[PDB]
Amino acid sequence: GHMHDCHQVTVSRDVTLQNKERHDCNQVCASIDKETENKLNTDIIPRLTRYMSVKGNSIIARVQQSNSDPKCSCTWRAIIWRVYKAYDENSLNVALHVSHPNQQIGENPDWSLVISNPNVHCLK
């Protein structure tokens, strides 16, 4: 019919930074924006590409906040538009951490993802 063989993924980076200076947490989090974009481009999107129906993700954006907390909670999100439903949420989450089922040391503990739309057209 009009079937949805794909779902939409939102990947997130979550980092806590020291803020003993008691500065604006948007400026503290800003310090690793470039680092997060480079991570997304050179590791995260490459890891997940083999699961995409038609390649494409949004620009990484930081969640804005209003606090100068002693520890700054920082969050970035990017959307991957079209991933085959063949690949479940856990399977995709795992792919962030390990690139072999017999890998001893996980990577990217600061990265997680969700299905942000459970029904999208694969376009393929």
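Note that residue numbering follows the sequence shown and begins at 1.
When the mean C-alpha temperature factors of 99-107 and 14-22 are read from the deposited coordinates, 99-107 comes out higher. Sort the modelled residues of the chain by CA B factor and residue 51 lands in the middle third. Among the modelled residues of the chain, residue 61 sits in the lowest third by CA temperature factor in this PDB entry. The deposited CA B-factor of residue 77 belongs to the lowest third of values across its chain. For residue 88, the recorded CA temperature factor ranks within the highest third of the chain's modelled residues. In the PDB entry, residue 33 places in the lowest third of its chain by CA B-factor.
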